[PDB]
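Notes for the one structure printed next.
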Amino acid sequence: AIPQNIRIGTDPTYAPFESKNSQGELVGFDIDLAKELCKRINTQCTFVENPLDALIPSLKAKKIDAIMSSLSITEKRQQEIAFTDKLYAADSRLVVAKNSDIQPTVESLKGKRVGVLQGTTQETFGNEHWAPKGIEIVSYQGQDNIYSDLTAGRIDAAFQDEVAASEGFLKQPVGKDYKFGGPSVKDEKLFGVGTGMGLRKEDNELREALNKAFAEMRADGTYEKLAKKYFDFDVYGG
């Protein structure tokens with residue numbers, strides 16, 4: 001028998017990713033997924049505010065039944081707990097201006113300047129991945145600073161996620177001025193397959209479901225359909 005009620009901990013921090021209604025209602029892209037799952041699981045879903053750093057402890061304190069946030073999933077993390085409801089693939093994407101023709105390849109990247117966001121696997125990984133390749137990389141401490149450089153042409157391209165890029169980049173007039181270099185490259189191991197919900201292994205039955213429900217969404221293209229609606233990109237590409 002499945003749980004009578006499911007407690008989810010979601011703390012909106014990125015409008016594009018989530019948000020809150022002044023009417024007291026809760027809205028967000030990740031929320032819509034949970035609802036669809038709630039029906040499939042045939043149970044009640046309750047959202048509780050709480051920061052990631054608190055989500056992990058809360059899960060241990062049995063305070064929450066599941067964790068739903070931007071938190072990325074990784075093999076190393078899987079060894080600790082169980083993950084599912086995978087939202088989207090968080091690989092990488094290249095953003096360049098139509099003026100400069102750049103294709104998904106380290107070669108064409110050689111001699112080109114690339115900007116990255118400090119405090120990430122890209123910079124650290126790049127410092128070695130794109131280091132011996134003879135590629136110049138710059139780390140920034142501002143998210144908007146990176147886009148500003150791109151719009152200025154100070155950077156030949158930036159390694160960002162597809163969903164995050166389109167969700168914001170394209171979702172903003174900035175993308176209109178420039179938008180090219182879809183699929184790029186990057187180690188998926190750093191961020192795993194992408195992002196998902198943090199569940200405990202004991203969730204043998206729940207995991208079996210959520211996973212089953214996810215497969216159904218793919219069969220009916222519910223996931224892909226929603227993605228195409230929210231934004232025009234490729235989930236597979238990540």
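Just so we're on the same page: first chain in the structure tokens is A, next is B, and so on; residues restart at 1 for each chain, and ligands are numbered from 1 in the order they show up.
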So which residues touch residue 199 of chain A within 8 Å, counting only C-alpha atoms, skipping near sequence neighbours fewer than 2 positions away, as a ChimeraX atom specification? /A:65-67,81-84,197,201,203,207
Limited to N, CA, C and O atoms, could you put the picked residues into a file as a PDB file, in the first residue's frame?
ATOM      1  N   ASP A  65       8.983  13.570   2.758  1.00  0.00           N
ATOM      2  CA  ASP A  65       8.898  12.261   2.114  1.00  0.00           C
ATOM      3  C   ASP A  65       9.677  12.245   0.804  1.00  0.00           C
ATOM      4  O   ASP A  65      10.040  11.181   0.300  1.00  0.00           O
ATOM      5  N   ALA A  66       9.923  13.426   0.250  1.00  0.00           N
ATOM      6  CA  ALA A  66      10.645  13.530  -1.009  1.00  0.00           C
ATOM      7  C   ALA A  66      11.215  14.930  -1.182  1.00  0.00           C
ATOM      8  O   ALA A  66      10.709  15.890  -0.603  1.00  0.00           O
ATOM      9  N   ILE A  67      12.266  15.043  -1.989  1.00  0.00           N
ATOM     10  CA  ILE A  67      12.896  16.338  -2.248  1.00  0.00           C
ATOM     11  C   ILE A  67      12.740  16.723  -3.711  1.00  0.00           C
ATOM     12  O   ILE A  67      13.087  15.949  -4.603  1.00  0.00           O
ATOM     13  N   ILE A  81      21.595   7.788  -1.859  1.00  0.00           N
ATOM     14  CA  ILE A  81      20.148   7.613  -1.853  1.00  0.00           C
ATOM     15  C   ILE A  81      19.648   7.272  -3.251  1.00  0.00           C
ATOM     16  O   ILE A  81      20.431   6.980  -4.147  1.00  0.00           O
ATOM     17  N   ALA A  82      18.335   7.319  -3.431  1.00  0.00           N
ATOM     18  CA  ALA A  82      17.731   7.011  -4.729  1.00  0.00           C
ATOM     19  C   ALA A  82      17.241   8.281  -5.414  1.00  0.00           C
ATOM     20  O   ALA A  82      16.800   9.223  -4.761  1.00  0.00           O
ATOM     21  N   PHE A  83      17.316   8.292  -6.740  1.00  0.00           N
ATOM     22  CA  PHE A  83      16.866   9.442  -7.523  1.00  0.00           C
ATOM     23  C   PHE A  83      15.931   8.997  -8.641  1.00  0.00           C
ATOM     24  O   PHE A  83      16.048   7.886  -9.156  1.00  0.00           O
ATOM     25  N   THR A  84      15.002   9.871  -9.008  1.00  0.00           N
ATOM     26  CA  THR A  84      14.050   9.560 -10.066  1.00  0.00           C
ATOM     27  C   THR A  84      13.367  10.829 -10.558  1.00  0.00           C
ATOM     28  O   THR A  84      13.932  11.919 -10.471  1.00  0.00           O
ATOM     29  N   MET A 197      14.461  14.125  -8.535  1.00  0.00           N
ATOM     30  CA  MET A 197      14.045  14.222  -7.135  1.00  0.00           C
ATOM     31  C   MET A 197      14.884  13.298  -6.264  1.00  0.00           C
ATOM     32  O   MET A 197      15.187  12.170  -6.652  1.00  0.00           O
ATOM     33  N   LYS A 201      16.565   5.014  -0.889  1.00  0.00           N
ATOM     34  CA  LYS A 201      16.522   3.680  -1.487  1.00  0.00           C
ATOM     35  C   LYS A 201      15.290   2.920  -1.018  1.00  0.00           C
ATOM     36  O   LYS A 201      14.565   2.349  -1.833  1.00  0.00           O
ATOM     37  N   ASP A 203      12.667   3.496  -0.839  1.00  0.00           N
ATOM     38  CA  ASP A 203      11.555   3.782  -1.728  1.00  0.00           C
ATOM     39  C   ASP A 203      11.531   2.792  -2.885  1.00  0.00           C
ATOM     40  O   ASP A 203      11.479   3.184  -4.042  1.00  0.00           O
ATOM     41  N   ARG A 207       9.738   4.247  -5.833  1.00  0.00           N
ATOM     42  CA  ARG A 207      10.672   4.434  -6.934  1.00  0.00           C
ATOM     43  C   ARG A 207      10.197   3.654  -8.153  1.00  0.00           C
ATOM     44  O   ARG A 207      10.240   4.157  -9.276  1.00  0.00           O
TER      45      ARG A 207
END
Where does DSSP see strand (DSSP E or B) in segment 103-220 of chain A, if you list the residues as a ChimeraX atom specification? /A:113-117,136-140,157-158,160,183,194-195,197-199
Output of the above residues as an mmCIF file, in the first residue's frame, restricted to N, CA, C and O atoms:
data_model
loop_
_atom_site.group_PDB
_atom_site.id
_atom_site.type_symbol
_atom_site.label_atom_id
_atom_site.label_comp_id
_atom_site.auth_asym_id
_atom_site.auth_seq_id
_atom_site.Cartn_x
_atom_site.Cartn_y
_atom_site.Cartn_z
ATOM 1 N N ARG A 113 37.631 32.298 -27.252
ATOM 2 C CA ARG A 113 37.492 32.587 -25.826
ATOM 3 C C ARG A 113 36.149 32.088 -25.316
ATOM 4 O O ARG A 113 35.122 32.271 -25.963
ATOM 5 N N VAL A 114 36.166 31.447 -24.154
ATOM 6 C CA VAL A 114 34.947 30.909 -23.554
ATOM 7 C C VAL A 114 34.793 31.397 -22.119
ATOM 8 O O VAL A 114 35.752 31.416 -21.354
ATOM 9 N N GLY A 115 33.578 31.792 -21.759
ATOM 10 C CA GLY A 115 33.303 32.271 -20.405
ATOM 11 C C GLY A 115 32.538 31.226 -19.605
ATOM 12 O O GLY A 115 31.642 30.565 -20.126
ATOM 13 N N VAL A 116 32.897 31.080 -18.332
ATOM 14 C CA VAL A 116 32.240 30.108 -17.459
ATOM 15 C C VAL A 116 31.859 30.760 -16.136
ATOM 16 O O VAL A 116 32.387 31.811 -15.772
ATOM 17 N N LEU A 117 30.938 30.123 -15.416
ATOM 18 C CA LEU A 117 30.499 30.648 -14.133
ATOM 19 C C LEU A 117 31.320 30.041 -12.999
ATOM 20 O O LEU A 117 31.314 28.830 -12.793
ATOM 21 N N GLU A 136 41.034 29.081 -24.402
ATOM 22 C CA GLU A 136 41.032 30.075 -23.332
ATOM 23 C C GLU A 136 39.692 30.065 -22.608
ATOM 24 O O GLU A 136 38.637 30.129 -23.237
ATOM 25 N N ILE A 137 39.742 29.985 -21.281
ATOM 26 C CA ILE A 137 38.527 29.967 -20.466
ATOM 27 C C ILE A 137 38.578 31.044 -19.394
ATOM 28 O O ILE A 137 39.614 31.267 -18.771
ATOM 29 N N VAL A 138 37.452 31.720 -19.183
ATOM 30 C CA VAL A 138 37.376 32.775 -18.172
ATOM 31 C C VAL A 138 36.228 32.492 -17.213
ATOM 32 O O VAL A 138 35.113 32.193 -17.635
ATOM 33 N N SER A 139 36.509 32.586 -15.917
ATOM 34 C CA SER A 139 35.489 32.334 -14.901
ATOM 35 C C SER A 139 34.892 33.644 -14.405
ATOM 36 O O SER A 139 35.617 34.572 -14.049
ATOM 37 N N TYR A 140 33.564 33.713 -14.384
ATOM 38 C CA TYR A 140 32.861 34.913 -13.926
ATOM 39 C C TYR A 140 32.146 34.636 -12.614
ATOM 40 O O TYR A 140 31.832 33.490 -12.297
ATOM 41 N N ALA A 157 31.807 31.918 -26.975
ATOM 42 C CA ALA A 157 30.762 30.972 -26.601
ATOM 43 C C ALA A 157 30.826 30.657 -25.112
ATOM 44 O O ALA A 157 31.876 30.776 -24.498
ATOM 45 N N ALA A 158 29.695 30.239 -24.545
ATOM 46 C CA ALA A 158 29.645 29.889 -23.124
ATOM 47 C C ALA A 158 29.004 28.522 -22.947
ATOM 48 O O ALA A 158 28.011 28.202 -23.599
ATOM 49 N N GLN A 160 26.712 26.321 -21.243
ATOM 50 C CA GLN A 160 25.555 26.342 -20.337
ATOM 51 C C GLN A 160 24.586 25.217 -20.682
ATOM 52 O O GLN A 160 24.666 24.626 -21.753
ATOM 53 N N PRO A 183 23.495 21.747 -29.391
ATOM 54 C CA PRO A 183 24.316 20.709 -28.702
ATOM 55 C C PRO A 183 25.806 21.007 -28.792
ATOM 56 O O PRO A 183 26.306 21.399 -29.843
ATOM 57 N N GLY A 194 21.384 14.496 -15.360
ATOM 58 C CA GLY A 194 20.702 15.785 -15.319
ATOM 59 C C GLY A 194 20.228 16.100 -13.912
ATOM 60 O O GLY A 194 21.021 16.122 -12.973
ATOM 61 N N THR A 195 18.923 16.350 -13.770
ATOM 62 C CA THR A 195 18.350 16.665 -12.457
ATOM 63 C C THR A 195 17.136 15.789 -12.190
ATOM 64 O O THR A 195 16.509 15.290 -13.118
ATOM 65 N N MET A 197 14.461 14.125 -8.535
ATOM 66 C CA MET A 197 14.045 14.222 -7.135
ATOM 67 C C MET A 197 14.884 13.298 -6.264
ATOM 68 O O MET A 197 15.187 12.170 -6.652
ATOM 69 N N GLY A 198 15.266 13.786 -5.088
ATOM 70 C CA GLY A 198 16.081 12.997 -4.173
ATOM 71 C C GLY A 198 15.220 12.120 -3.282
ATOM 72 O O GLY A 198 14.555 12.610 -2.371
ATOM 73 N N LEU A 199 15.237 10.817 -3.546
ATOM 74 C CA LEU A 199 14.452 9.861 -2.756
ATOM 75 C C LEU A 199 15.367 8.843 -2.100
ATOM 76 O O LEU A 199 16.497 8.660 -2.530
#
Residues at most 12 Å from residue 109 of chain A, counting only C-alpha atoms, excluding those fewer than 4 positions away in the same chain, as JSON, numbers by chain? {"A": [94, 96, 100, 101, 102, 103, 104, 105, 113, 114, 130, 131, 133, 134, 135, 136, 137, 155, 156, 157, 158, 159, 181, 184, 185]}
Measure the distance from atom CA of residue 18 of chain A to atom CA of residue 70 of chain A in Å and round it to one decimal. 9.5 Å
So, counting only C-alpha atoms, which residue among A:28, A:56, A:233, A:2 is closest to residue 166 of chain A?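 Closest residue, counting only C-alpha atoms: A:233.
Going from atom CA of residue 30 of chain A over to atom CA of residue 226 of chain A, you cover 11.4 Å.
Counting only C-alpha atoms and comparing A:87, A:169, A:120, A:206, the residue that lies closest to residue 224 of chain A is A:87.
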Restrict the calculation to only C-alpha atoms, then for each residue of segment 49-132 of chain A with any atom at most 10 Å from an atom of segment 31-39 of chain A give the closest atom pair and their distance in Å to one decimal, rows by chain and rising residue number, as a Markdown table.
| residue | atom | partner | partner_atom | distance |
| --- | --- | --- | --- | --- |
| A:68 | CA | A:34 | CA | 8.4 |
| A:69 | CA | A:31 | CA | 9.5 |
| A:85 | CA | A:33 | CA | 8.1 |
| A:86 | CA | A:33 | CA | 9.8 |
| A:87 | CA | A:33 | CA | 8.0 |
Atomic distance atom CA of residue 127 of chain A - atom CA of residue 234 of chain A, expressed in Å with one decimal: 27.5 Å
Please list as a tab-separated table (two decimals) with N, CA and C atoms, in the first residue's frame every residue within 12 Å of residue 49 of chain A, counting only C-alpha atoms and excluding residues in the same chain fewer than 2 positions away.
chain	number	residue	atom	x	y	z
A	7	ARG	N	4.88	14.17	1.39
A	7	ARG	CA	5.41	15.48	1.77
A	7	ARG	C	6.60	15.83	0.90
A	8	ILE	N	6.47	16.91	0.13
A	8	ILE	CA	7.54	17.36	-0.77
A	8	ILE	C	8.11	18.68	-0.29
A	9	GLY	N	9.43	18.81	-0.35
A	9	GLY	CA	10.10	20.04	0.08
A	9	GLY	C	10.62	20.81	-1.12
A	10	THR	N	9.93	21.89	-1.48
A	10	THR	CA	10.34	22.71	-2.62
A	10	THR	C	10.45	24.17	-2.23
A	11	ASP	N	11.65	24.72	-2.37
A	11	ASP	CA	11.90	26.12	-2.03
A	11	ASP	C	12.22	26.92	-3.30
A	12	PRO	N	11.22	27.50	-3.93
A	12	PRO	CA	11.41	28.31	-5.16
A	12	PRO	C	12.45	29.40	-4.97
A	13	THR	N	13.35	29.53	-5.93
A	13	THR	CA	14.40	30.55	-5.87
A	13	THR	C	14.65	31.15	-7.24
A	19	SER	N	8.30	29.45	-8.52
A	19	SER	CA	7.71	30.73	-8.15
A	19	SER	C	6.62	30.53	-7.10
A	20	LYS	N	6.03	31.63	-6.65
A	20	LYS	CA	4.97	31.57	-5.65
A	20	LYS	C	3.82	32.50	-6.03
A	26	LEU	N	0.69	27.59	-5.21
A	26	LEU	CA	2.08	27.31	-5.60
A	26	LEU	C	2.15	26.96	-7.08
A	46	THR	N	2.02	17.41	-0.85
A	46	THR	CA	2.11	18.64	-0.07
A	46	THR	C	3.49	19.26	-0.22
A	47	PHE	N	3.52	20.54	-0.59
A	47	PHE	CA	4.79	21.25	-0.76
A	47	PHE	C	5.15	22.00	0.51
A	51	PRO	N	15.17	25.30	2.26
A	51	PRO	CA	16.39	25.39	1.41
A	51	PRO	C	17.07	24.05	1.22
A	52	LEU	N	17.66	23.85	0.05
A	52	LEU	CA	18.34	22.60	-0.25
A	52	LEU	C	19.13	22.10	0.96
A	53	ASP	N	20.03	22.93	1.46
A	53	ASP	CA	20.84	22.55	2.60
A	53	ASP	C	19.98	21.97	3.72
A	54	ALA	N	18.72	22.37	3.76
A	54	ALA	CA	17.79	21.88	4.78
A	54	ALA	C	17.00	20.68	4.28
A	55	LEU	N	16.92	20.54	2.96
A	55	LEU	CA	16.19	19.43	2.37
A	55	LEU	C	16.84	18.09	2.71
A	58	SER	N	16.34	17.40	6.38
A	58	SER	CA	14.91	17.16	6.56
A	58	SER	C	14.57	15.73	6.14
A	63	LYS	N	11.34	14.39	8.08
A	63	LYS	CA	10.48	15.57	8.02
A	63	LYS	C	9.77	15.64	6.67
A	64	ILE	N	10.46	15.21	5.62
A	64	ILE	CA	9.89	15.23	4.27
A	64	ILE	C	9.92	13.83	3.66
A	67	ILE	N	12.27	15.04	-1.99
A	67	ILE	CA	12.90	16.34	-2.25
A	67	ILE	C	12.74	16.72	-3.71
A	68	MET	N	12.22	17.93	-3.95
A	68	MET	CA	12.03	18.41	-5.32
A	68	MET	C	12.65	19.79	-5.48
A	69	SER	N	13.78	19.84	-6.17
A	69	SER	CA	14.48	21.11	-6.39
A	69	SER	C	15.43	21.00	-7.58
Check the smallest atom-to-atom distance from each of A:112, A:235, A:43, A:61 to residue 154 of chain A using only C-alpha atoms, then report the winner.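 Nearest candidate to residue 154 of chain A out of A:112, A:235, A:43, A:61: A:112.
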Which residue out of A:232, A:200, A:218, A:151 has the minimum interatomic distance to residue 78 of chain A when only C-alpha atoms are used?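 Between A:232, A:200, A:218, A:151, the residue approaching residue 78 of chain A most closely is A:200.
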